[PDB]
Structure formats: structure tokens, C-alpha cells
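So this first bit is one chain, no partners, the form solved without the ligand, shown in C-alpha cells.
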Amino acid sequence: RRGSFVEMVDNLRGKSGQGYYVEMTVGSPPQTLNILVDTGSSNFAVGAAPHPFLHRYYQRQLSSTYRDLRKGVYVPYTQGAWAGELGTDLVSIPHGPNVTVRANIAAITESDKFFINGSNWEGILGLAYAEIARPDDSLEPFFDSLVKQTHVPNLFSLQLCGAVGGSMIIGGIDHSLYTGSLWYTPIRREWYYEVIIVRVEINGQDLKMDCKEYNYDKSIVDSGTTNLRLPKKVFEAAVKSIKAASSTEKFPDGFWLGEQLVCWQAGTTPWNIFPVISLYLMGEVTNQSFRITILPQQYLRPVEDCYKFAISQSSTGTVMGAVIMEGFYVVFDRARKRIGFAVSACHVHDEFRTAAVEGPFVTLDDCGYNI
């Protein structure tokens, strides 16, 4: 649905490179917890046992509405790992829809390199599809349950604002979160939020690769990942191109690898020397595509003026992480098996440049990886 979701606006907080989170309550009576919003996974899991980096955690023994599934689960992430016990309980989202649903919950009892010290989040809400749920696809993911048990429409939208805060609009599309119009790309397959990139540009200049290279072996939208991550081949070409475009200043070879910071006196970052990056995505009409363009203010992340280069290599395909998303209002329109992009009303920019979403472009031919 469309309108004004004034109670849901600004319901996200983050700690800069540590993830965006929403407040949720579980159990009876309600226990409160901060939950990482992760479009790149499908399990709802919460710490359920003391751990050095948890201020609080879920206490199953205090919930009258708790139920044990008498089954264990473990998950490894691109980053870390946790193990737990499956169960169900009542779940609410205070600054969300006014509903309460029964959902599956992994009670996290052991973990390594998962809970980030000082992140202030205690759990994870995987918003992807059941196909990538652990132990298997029979564990209904949270959002599925929310849609089946209430009249919340099958759809949510995300405006992540860098600098961390933002908005998770559950069930609708809030028009005050974007300017211009919304462009949609088909979701290739309901597992991850898979999309297809058909062309890449650095400051208008085409990288000029077979478009299969761009989606090998998949391209995804993943709010649980900080960086823009590109297949090694695409990554090398892009960094070459980006180096060429910012030559008026030279940087340690290890800046381009994420291994070193770079700094400028306060408020003098030479943004203009850095090119803009553009991904063309497949449109909904045949042979049409559209373009999203991000600024250096997106791929150069600030670090407690200092910056880390937030584009990196991947062997698991393209991950359009938070670097990409912070430019845009992103609509995960699941009812319609599409994802929408519009210019974020909150994205960070200077006076000379802004993120963009333009289209349509005629595009010939095939870009998706097949098994």
C-alpha cells in the first residue's frame, strides 16, 4: 500500500559499518531487543544466553508464550557463526505495524565473531526467502509469517541513511522517503533478493565487459553487508578505472584494498575528484533497463576526516550492500516479485552532485548465470 507511515519513519538506528537495526519485542510479557535488518538471510535469531557483547538477551524461561521445537540450528555467515535452539514465540515491532505474530525463533546460545562489540544489536531479522533458511526451507521466515497472519501487505521498504539511522517501512511505500520516481527490476529468483546488472560505468565511462561477468554467480541486494562487493574480474577493472579517474591524487596501493585509511583536514574532502559509479539493472519491460548512480560519499565510508574504501572483491557474486542502498529508497515489493529504486531523500551528498535513478535505456540481450 502507499501513503504516510509516520509511526514507521526513522525506526532504524545503526553504528556506522556495524549494521542497521530495528526494535522488536518477543515473548509474554514483552522482552525488548534490537534486531539487525538483514535482507541477505532468512532466519530470525536472537541471543538467548549471556555473552560479553550483549547488554541484554532473550530469556525463554520468562515467556509464558514460548514453545520449544526440540531442534537445533547453526548458521555460518560471510562474516561469523552462531548456533542455537529453534522455538516459537509471539513477536511485535513497536515502531512498526500494530500487530503481533507467532514466529520461529532461533535462540542463540553459542557464537564466534557474530556479535559485534558495541553494535548495540542483539539479534538478526533475516528478510530473504525460505529457500536459504537454516536448517532447511521448511522453517517459515519471519516476514512470511507476518504476511500470513495479518493483513500487512506482502512488501517492505528500506531507506538507510549514512553519515546512522533510517526507515524500515513494513507493508507499504512512504512517499516522503524519496524524490523522483521509482524504477523496478525483476527479482530473478526468490531465494536471496537476486537481481541482474547489465552494464557498469565509471563517470559515464563503460567498463565494457560481457554482462555475464557482472552477475557471476549471482547479484544480490543485501542490507546486512556494508560494502559494494564485485566478482574479482569486475572488481579489478573497476578499481583500475576509478584510479584513472582520481589520479590528481595518488593513494597507497592498500587503500584500494581496504587495508588503509585516507584523510584530509576537516571539511575539505576533495569529493569532486572521485568518479560516480553506475549500475544498470534490468527493467520490467523487455529490452529496457535503468540506471542507479552512487557518489564517493557512498563508497568512501567515514571511520572514527578519515575514510575507508568500501568497494571490495567477492567470489560469491555481486553484493549490492549498504554502500549501494544508502543512495536509495529500496522497495522489496515481494507481492510483485520486483525491487524498486528511487533517489533517497536522505542520502549524503555535496552541492554539486546527487545520487540518481534514470531510465529507460534500450538494452540488447542473457546476463544471468546459469548452473
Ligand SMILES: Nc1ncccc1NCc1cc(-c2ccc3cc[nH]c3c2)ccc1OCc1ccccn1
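For every residue, the number given is its place in the sequence shown, counted from 1.
The form deposited with the ligand bound exists for this protein as well; it is not shown, and the discussion that follows is about that form.
Novice: Counting 3 or more ligand atoms within 2.4 Å of any backbone or C-beta atom as blocked, would the ligand, superposed onto this chain from where it sits in the deposited bound form, find the site open or blocked?
Specialist: Blocked, going by where the ligand lands after superposition on the site C-alphas.
Novice: Is the ligand in the deposited bound form close enough to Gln18, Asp38 and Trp121 that every residue in that trio has a heavy atom within 4.5 angstroms of it?
Specialist: Yes: each residue has a heavy atom within 4.5 Å of the partner.
Novice: Pick the stretch from 235-243, 281-289, 168-176, 221-229 whose residues have a heavy atom within 4.5 Å of the ligand in the deposited bound form.
Specialist: The contacting stretch here is 221-229.
Novice: Of these, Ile116, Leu207, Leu261, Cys211, which has a heavy atom no more than 4.5 Å from the ligand in the deposited bound form?
Specialist: Residue within 4.5 Å of the partner: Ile116.
Novice: Quick check on this chain: which one of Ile196, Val75, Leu86, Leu155 has a heavy atom within 4.5 Å of the ligand in the deposited bound form?
Specialist: Contact with the ligand in the deposited bound form is made by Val75 alone.
Novice: Against the ligand in the deposited bound form, would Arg134 count as a contact residue? Criterion: heavy atoms within 4.5 Å.
Specialist: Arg134: contacts the ligand in the deposited bound form.
Novice: Should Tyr184 be classed as touching the ligand in the deposited bound form when contacts are defined as heavy atoms within 4.5 Å?
Specialist: No, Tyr184 sits far enough from the ligand in the deposited bound form that none of its heavy atoms falls within 4.5 Å.
Novice: When the contact criterion is heavy atoms within 4.5 Å, does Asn43 count as touching the ligand in the deposited bound form?
Specialist: Although the ligand is absent here, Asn43 would touch it in the deposited bound form, with heavy atoms inside 4.5 Å.
Novice: Hey, in the deposited bound form, is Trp82 touching the ligand, heavy atoms inside 4.5 Å?
Specialist: Answer yes; at least one heavy atom of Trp82 falls within 4.5 Å of the ligand in the deposited bound form.
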